[PDB]
């Protein structure tokens, strides 16, 4: 019932720097960071061209490296949880021979970003990878690794594209090298985060808006269920198809174009669970617009209520909660000073997010833990910077 330390960039950096020196016999030339994420509200909307309101965490991936002359890529990760081996070397992709997902799985993320990197000529490089983002724990550790990799390659071989195109490359790596067909939110927030802000993302227009979240009276408590059901992986793609089925049945580019009234009128053009999937999305888009407006005018009680409606919608209509997350959310809404709690991320495990009076965090942590059938982990996180570069 104490909050896990968030190592500052400097401490992850020093760790990365020391391990690079030992491994490659020289100081690294380059450092980059990319954070993980919590979604405050707007879940399972990004791939429906909806609205999301994520914020970057102090939990981050740091990559320190140097270009090579031999066209080789040599990687080391110190991340506990990374599958063996911790080291991998491979030649750069060419027109002849492209890179290929396999073992270790953590290198599929670097390989994917290298494979789809849009600028040339890319030299080889040596790199060490460290992360405080818990691996597969629901706060976008993969997006953080992809975005750190992309930022690194930018120093090796500057691209000339938009932040969206960069997000879309990281997203391509996730799809093609990790078999997770994600939307754009995780990569976009990892790129675009700013200290003291949430980011409202319009996943149709790709327009972004920085929204202040820096009030000392207020905290964001992230709770890790420290569970992941296999459905986290297998049912993600299923929901994407169900949403597509419903958009096609109504003659709509995306569920962004569909309102509840339009959806209710067409009940008999779609399945029962179809209709439930689409009721959540339409409702979550509306709620994210309302949450954004609420947050701007300091109305945390309204924000929290919209967080609770998002969870109920995800529980009952989208059916991507599990008993573990449900227990954690119920626990948190019992604590005075808590404005709202919901599951965040894909679901079927991972984290919940709780907006509360800062004074209440310790009482929330004790109570959530005591009421939770597993062992919860806690992060108290302010809104953090997106991808960053430090010349060494």
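Here, rigid core means the biggest group of C-alpha atoms that superpose within 1.5 Å across both forms. Residue numbers count along the first chain shown, from 1.
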Which of 184-192 and 96-104 lies farther from this form in 6 other deposited structures of this protein, as RMS of C-alpha positions after a rigid core fit: 96-104
Divergent stretch in 6 other deposited structures of this protein, 36-44 or 358-366 [C-alpha RMS, superposed by the core]: 358-366
Which of 344-352 and 330-338 has higher mean CA B factor, as the PDB entry lists it: 330-338
166-174 versus 80-88 - which carries the larger mean C-alpha B factor in the record: 80-88
Among 262, 299, 316, 186 - the residue whose C-alpha B-factor is largest in the record: 262
Top Cα B factor in the deposited entry, candidates 181, 283, 212, 124: 212
Where the record places residue 57 (Cα B-factor, split into thirds across the chain): middle
Record-listed C-alpha B factor of residue 66: chain third: middle
Residue 111, C-alpha B-factor rank within chain (lowest, middle or highest third): lowest
Residue 117 - which third its CA temperature factor falls in, relative to the rest of the chain: lowest
Cα B factor band for residue 26 (lowest, middle or highest third within the chain): highest
